[PDB]
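Q: please work out how this folds:
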Amino acid sequence: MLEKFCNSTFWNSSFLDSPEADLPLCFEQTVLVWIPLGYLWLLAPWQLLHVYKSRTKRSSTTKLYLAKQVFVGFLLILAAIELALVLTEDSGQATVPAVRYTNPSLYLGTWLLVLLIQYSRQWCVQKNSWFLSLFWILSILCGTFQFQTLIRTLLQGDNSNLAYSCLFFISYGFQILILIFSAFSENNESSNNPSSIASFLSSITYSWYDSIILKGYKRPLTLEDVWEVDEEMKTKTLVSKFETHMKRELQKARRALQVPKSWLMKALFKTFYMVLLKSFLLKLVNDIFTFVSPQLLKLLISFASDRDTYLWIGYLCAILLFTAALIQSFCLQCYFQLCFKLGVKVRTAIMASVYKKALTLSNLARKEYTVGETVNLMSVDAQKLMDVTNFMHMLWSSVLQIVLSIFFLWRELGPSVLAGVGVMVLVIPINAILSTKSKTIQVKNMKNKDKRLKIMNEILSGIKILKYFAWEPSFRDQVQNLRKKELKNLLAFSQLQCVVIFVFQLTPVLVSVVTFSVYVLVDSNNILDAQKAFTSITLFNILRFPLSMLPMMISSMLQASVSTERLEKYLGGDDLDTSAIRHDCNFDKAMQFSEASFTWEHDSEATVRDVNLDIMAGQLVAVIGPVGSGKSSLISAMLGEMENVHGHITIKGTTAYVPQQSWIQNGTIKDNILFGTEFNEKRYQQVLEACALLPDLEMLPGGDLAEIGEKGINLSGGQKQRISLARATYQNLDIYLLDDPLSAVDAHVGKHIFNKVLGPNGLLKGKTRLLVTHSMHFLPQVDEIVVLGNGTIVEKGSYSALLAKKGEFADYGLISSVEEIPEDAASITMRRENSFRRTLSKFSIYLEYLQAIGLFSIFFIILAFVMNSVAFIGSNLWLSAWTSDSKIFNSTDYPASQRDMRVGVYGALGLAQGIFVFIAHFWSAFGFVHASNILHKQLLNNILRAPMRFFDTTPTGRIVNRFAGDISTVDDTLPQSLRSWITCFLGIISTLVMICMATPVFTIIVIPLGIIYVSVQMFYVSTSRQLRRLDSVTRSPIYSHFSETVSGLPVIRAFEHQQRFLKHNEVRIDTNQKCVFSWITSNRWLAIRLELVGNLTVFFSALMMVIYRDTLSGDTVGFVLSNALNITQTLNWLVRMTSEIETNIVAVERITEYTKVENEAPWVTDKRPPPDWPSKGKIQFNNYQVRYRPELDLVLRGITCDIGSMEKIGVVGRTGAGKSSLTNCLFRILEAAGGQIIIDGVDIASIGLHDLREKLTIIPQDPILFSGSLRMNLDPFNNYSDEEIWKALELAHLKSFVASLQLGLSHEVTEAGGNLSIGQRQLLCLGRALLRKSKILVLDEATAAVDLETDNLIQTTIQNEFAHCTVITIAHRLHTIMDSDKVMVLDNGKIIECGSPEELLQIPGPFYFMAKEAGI
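A: Residues are numbered from 1 along each chain as shown. See below for the structure:
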């Protein structure tokens, strides 16, 4: 072809048929040099015009840019020298070939272009791009052959082309060096985030993320240490981009109504097709290159089989086994980030779009959804869309992989392959049947789980009563009975989990048995050979994942079809209509009702009926009417929240509104006051003083910076009403709407605010005030009063105008998709579903967990697992010996006995691998369940044994969250992950042993490949663990914020703060985006580094086979290379589990922390008091001291007192009375410091608590009841009969009530006695004390909050029934101790006066001075 061009042959096939095979010189110097040259001139204008599109300010000329510019200048010099050398030299006898000087011409031309673009790249933000990085990469691979050809030719002594050779070597060396400089990013401070400044070789490698990994590992990582997301990923841009497509296409869907449906998906696709297209043209590259590894394996096996194949075939088939894997590696991760980033980019387009719809949504469309049913609309109902939008491509890519794998397998084995794929297909119904069976059992368990929470909250909140009455053994067995019923069901779930795992784990070795046995037995001449044997095993490790993860792509995709419907309904709702209410400035006065009629819903009566009313913009106006008759709707009428049927409302200026129920945000109390406007010291002091928040402010700890809201300190209705009024006043608006501002405030307090805030001289003189109330306290000062009747006004006038005329009417994080780890993609999906059900409602730690597991059972389980690896090793090794039969035994000469022997042994080895892996998982379930039985029991014992001091310090909510919100982790997620870790760490070890037994020298290479693997795992775990908790801590505020704005939405529209609240969500969502995307790259940084090690393991193994080809048999390379191709996927899988195990193991450590809590004195000691010990009340003090905390101070200073039988002891005090301390004193609740108290000749310290505690009675101030029933509440052990219980109820006068109940004692008591009134609950505690019938009664303010009639009843019952028992009474008021035989006075831990109240009153004493003559 190029005879007139090259003067030599273009291509001779004989050149490649020799051991010293070299490409023809003409072919390399022309064809392979145009591919890089043609790559530029074809695409050079495009990358030039696109650069010209973004004309920005050029950065300073960096040193690196100059170096990569002068060096290319040398290439211009070298190319020019070569052209001049060829032409200026005198040789005309032989005409120069065209190739000799034409090639410099393009090199002269192309380097001129490179000089131009490299300078023009400065204007762009990214100093390097795929246009130059690929060209340098492509000009080295194509130019390598010339470098090899010239070097080999020069080594032969032919120096005819020495001048060209030396110039080419320098040109080749500089191109390699230029590539090095092209991988370095020139810092120009365009943005703090390096993603937009990273060079191309640093953006398909993620070396720009190295800074965080290095920074995170050293010191703890914090929010400000993570760079903000790219400008495109910003939530402000995404909402606007999604808004245009949503609004234009929703109207199209509205036209089809002549409720819109099937409209959300058609909008999302039209908005992100530019990202979808880039993930489709690039996914095919991964699928095409994933079948190269098996196809290249056949070539390498054939090379080892024959001793005639040339050496260069092997090396070229080993380099290609690394290049075709690097391209697959870099492209696959460049797709994972290009598609997971779409998941984050689609949730933001919905999470930040529901909020904007929430403000504008009509309440009529909000009536159906509750508060909880709206908060979950994006925490679960929109997070369902991530997983669907995370990896859609398996809807088409999985179909492609199974269809292509079948074709390749059918091309190598024959029709018998259909039987093999049939077995894997038949697994899918087994998986589906087991999955839907496990879900039924799991969800049926959630009802028993939540019941334990209800009791668990119940026990801790009220442990004081539990310690007093010593009832905790009864509840301990009550919870254990519930837990035992729980654990019996849990074990069945674990059994169903050791089968799905066993079926899925065994399916790659069962298909091999079926496929090979049928192939060899169907026909005699079908001999098995290593070329067609191991090319099938490695294909079964490729087809397995698409055909096992496909069924979840049907359930999950269908699971979004219902989740989309809820999102479809909400976004499609009709927004509120503001045509009824007008805002204008031309209007003179403030208010105007033009025959307005209003109704709550369309199918309802009009609450407002045809009223004309006008108000001047200068006075206070109040509205008075009967409660529940067209009154509460009036305030909402001038707000846009209320529906209109016929009317015309106009309002001038801003409006301020105060609701009946108070909506309060979380944060400091200052934010709820200023409302995010400003902070004026003079104004702030005015509203705070006028609104009288000072009597509260000194009471909340932290002063004005207290944590208000559910997060911190809750407030009563009265304080909440004041805050809402204070917020409105500070805003300083025009019109104020008051809706019962003084409904729940104190009467005297209500006097204070009315006069000075909104009265004759209040700060609101210049602002109109509309007020509604039913209390007749203050309406003499109101400028104008309007009386409503039948929903309309009846009389208008002031108090003296017309009213005086008559006056008669007045988890799962770090795994974005199951695609990243297809080794076990099933257990991942169940883990997310466990989390979704939830949201709808160092080495010493491992040993501690393993000690909970039967340690004897551990050594057998690990023995079964390691024996499984041996069987796997034996099976593959035996298969290698089987394929050796083809060489020795000719076709049609294969003995039938030998054929039957081969399959028979392989069948048994398919069973030794089967019967052992099942006996390990099956025994894993019986062990992991037993751990939960022991671990939970330890917590329920020590915690119930914990001192009252322990509960006082730590919050109650902390313990509960660690009782079942943490136990769920140790027995749903931890057991399944651990059994899925050792089953893969034994895959890496098994694979490495396989290679080491073929080429022993390879084990040296393991050490560099072990240090790298450990270092990468160590770095990633030390960082991604921090990045996991840092996401959860910042994800919760988004959902928490939405609950506070959907509930307080009517207030928001009153102040027109919609725009401010939207911006609050933009920053709040963005802070989550900068964290979710922050580990996605951190997850990709694992894959590239580890697949680089996985590729190096395979590449360095193929060289060992190639080099040691004289001794290695052809079939031996099969089981060494077929099982090594799976090391790439297993290697990154192993590290991910180690991250999740190391994160979920903190749950066990937290449990152990409370299990080690210091424990009180033994319940039962060697001394048991006789029944006559509580027979008489002999209480004596011996200078006893008490201490709340062993380090603060001494509460008691050695009180000494003698108490005889029938001594009505009255103990009183003002400050530090120790009345609480005395209750903890007599019952051994606290520790004994310097004294002791002797009872009936026996010291309390000697007696065991449980025997001691039961023998006295106590009535707590707070009557907390129990949720079981009344029968168990009165008596947990229930040793008493029904007649005694009925008599006790009669004694407490509950007989008439309980007998009138539904079933009496069998009545279902709700939480905290929610079905019983406060006065009712205060009578149960008397019955509880009545049942004891013991001589000692300790009282502690049981009548501080009871009515007088019941108060007289309560003491009389104590006076009458316990007239035969010693009673010690504690009362804050001295009006209940005149009936006391002995009255005790003490202050700050020291007794003041001793004596009866009769003699105490005669002598003027300190208690007489402060309580009798001054307190009376």
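
Q: please count neighbours and contacts with C-alpha atoms only from this point.
A: Fine.

Q: number of residues surrounding residue 1010?
A: By the measure other CA atoms under 10 Å, the count of residues near residue 1010 is 12.

Q: that one should be in a strand, yeah?
A: No. According to DSSP: H, G, I helix; E, B strand; the rest coil, the state of residue 1010 is helix, so it is not within a strand.

Q: against residue 223, how distant is the nearest residue to residue 220 once chain neighbours are set aside?
A: Excluding the flanking residues, the one nearest residue 220 by CA to CA, 6 or more residues apart in numbering is residue 1026, at 7.6 Å. Separation of residue 1026 from residue 223 (CA to CA, to the nearest Å): 11 Å.

Q: one more: residue 13?
A: Applying CA to CA, the value for residue 13 to residue 223 is 63 Å.

Q: who has more neighbours, the two?
A: Comparing residue 13 with residue 223 by other CA under 10 Å, the one with more neighbours is residue 223, at 15 against 9.

Q: pull the contacting residues for the more buried one.
A: When contacts are counted by CA atoms under 8 Å, 6 or more residues apart in numbering, residue 223 touches residue 1030.

Q: what is the burial count for residue 839?
A: 11.

Q: an error on my part: the question was meant for residue 947.
A: Neighbour count for residue 947, taken as other CA under 10 Å: 20.

Q: excluding sequence neighbours, find me the nearest residue to it.
A: Nearest residue to residue 947 in three dimensions, chain neighbours excluded: residue 1160, at 6.0 Å (CA to CA, 6+ apart).

Q: what's the neighbour count on the one you found?
A: Residue 1160: 16 neighbours (other CA under 10 Å).

Q: please identify which helix or strand holds residue 1103.
A: Assigned by DSSP states H and E, residue 1103 belongs to helix 1058-1107.

Q: packing partners for that helix?
A: When contacts are defined as 3 or more CA pairs under 8 Å, 6 or more residues apart in numbering; DSSP states H and E, helix 1058-1107 sits against helix 235-255, helix 311-360, helix 1003-1047, helix 1116-1121, helix 1127-1144.

Q: doesn't residue 1309 lie inside a helix?
A: No. Residue 1309 sits outside any helix when classified using three-state DSSP, being coil.

Q: thought it was touching residue 1271?
A: No. Residue 1309 is beyond contact range of residue 1271, at 10.0 Å (criterion: CA atoms under 8 Å).

Q: contact partners for residue 991?
A: By CA under 8 Å, 6+ apart, the residues touching residue 991 are 1123-1124, 1127.

Q: so it sits in a strand?
A: No. The assignment for residue 991, made by three-state DSSP, is helix rather than a strand.

Q: relative to residue 870, how far out is it?
A: 11 Å.

Q: swap in residue 1237?
A: Residue 1237 sits 71 Å away from residue 870, going by CA to CA.

Q: looking at the two now, which is surrounded by more residues?
A: Neighbours per residue, other CA under 10 Å: of residue 1237 and residue 870, the larger number sits with residue 1237, 21 against 16.

Q: quick check: bridge partners of the more buried one?
A: residue 1181 (DSSP bridges).

Q: now swap in the one 5 residues further on and tell me
A: Judged by DSSP bridges, the bridge partners of residue 1242 are residue 1239.

Q: what is the burial count for it?
A: Count around residue 1242 with other CA under 10 Å applied: 15.

Q: again with residue 283
A: Residue 283: 20 surrounding residues under other CA under 10 Å.

Q: for residue 905, same thing?
A: When neighbours are defined as other CA under 10 Å, residue 905 has 14 of them.

Q: packing partners of the host helix or strand of it?
A: Secondary structure assignment for residue 905, by DSSP H and E: helix 896-945. Counting contacts by 3+ CA pairs under 8 Å, 6+ apart, helix 896-945 packs against helix 472-522, helix 843-852, helix 855-883, helix 974-979, helix 1146-1155.

Q: looking at those, which is closest to residue 460?
A: Residue 460 lies closest to helix 472-522 among the helices and strands packed on helix 896-945, at 10.5 Å (CA to CA).

Q: after the closest one comes which helix or strand?
A: Proceeding N to C from helix 472-522, the next assigned helix or strand is helix 530-571, under DSSP H and E.

Q: state the paired neighbours of the next helix or strand after that next one in the sheet, together with their directions.
A: Following helix 530-571 in sequence order, the next helix or strand is strand 581-583 (DSSP H and E). The strands that strand 581-583 pairs with in its sheet are strand 649-651 (parallel) (by DSSP bridges).

Q: how many residues are close by residue 613?
A: Counted by other CA under 10 Å, the residues lying close to residue 613 total 13.

Q: what's the answer for residue 678, then?
A: Counted with other CA under 10 Å, residues neighbouring residue 678 total 11.

Q: pretty sure it sits in a strand.
A: No. Under three-state DSSP, residue 678 sits outside any strand and is assigned coil.

Q: all good on my end, thank you.
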